[PDB]
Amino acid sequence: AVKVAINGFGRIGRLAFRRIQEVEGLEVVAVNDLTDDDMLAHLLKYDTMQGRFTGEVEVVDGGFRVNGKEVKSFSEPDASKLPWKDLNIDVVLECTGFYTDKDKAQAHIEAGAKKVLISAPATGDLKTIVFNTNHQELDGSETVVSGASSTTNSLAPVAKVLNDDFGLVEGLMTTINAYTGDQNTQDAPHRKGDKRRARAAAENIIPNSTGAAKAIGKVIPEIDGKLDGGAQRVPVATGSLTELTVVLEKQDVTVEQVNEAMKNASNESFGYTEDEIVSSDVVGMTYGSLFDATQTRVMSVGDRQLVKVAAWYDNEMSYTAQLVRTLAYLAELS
């Protein structure tokens, strides 16, 4: 089996852990965070939005036991000190939010891990992967890889279809986004100095910047710099929606053609629906993106057309499913 260690047992870390239970041939042997065992175990068992963990979870001294299997747990802020070498870690899932750079994440390799997959956009000389859009870029000699962002994974399969079938001139994106752990409960100073992430998360529409906007150019090179846009963080705890408004090379495009193009591209990463669903309907789903055809709009004024589409995503579970597929693929190549 492929020996996985999770750095940062947060939202993405814990769900990665859950999802790996469902997936044969991957084994989490260790976790690292900044807290005690009791906490880690508790937060795995109980999950506000994602539901109770099915299996049995028990605290031991090593760490904790999940359906009989032991999981070593550590409490070490500095990744280079982790005993990855001694536990023959194959791949670290880096989920702390503090190693989002190729050079930083190199700490895990020095500790003894063979590969690192970052659960976010990351700066530096590395590949950025959305599963089922560009994982084929991986030859297996990669040492550090980025799994991109939630939004990127919701967007890439939609943009690919538009660019391939109609030609993408330009587009602007808005993502209507669940609030996350880096927002504040009450209006208060923000670590990164963001005056908007500083505000009460569950009481506000909060404009913010998005990675996706340009992480996208790294995933689909031929549309590099053709897309931009931002986020609106709103008071749902998980579940999100990406709206995309574009100018295409083909005019005389119909709503019917756009939808059919999307359906024909659907797979396990990219779902298709015609049901009038809402955000809570996508909580826990494992498509990386779910095209909602009921939201497709074409605006035609004389010669010229504007096209609008929207895709749903569980920014937690949709991203996690995608990240684990990338993990499994990256591991099968070496």
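We number the residues from 1 along the sequence you see.
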property	result
272-280 set against 53-61, stretch whose average Cα temperature factor tops the other in the entry	53-61
Of 104-112 and 182-190, the one with larger mean CA B-factor	104-112
Deposited CA B-factor, highest of 155, 213, 202, 118	213
Residue 230 - Cα temperature factor, lowest/middle/highest third of chain	middle
Within-chain third of residue 310 by Cα B-factor, per the entry	lowest
Residue 20 - Cα temperature factor, lowest/middle/highest third of chain	middle
Ranked C-alpha temperature factor of residue 81 among modelled chain residues, by third	highest
Chain thirds of CA B-factor: placement of residue 267	middle
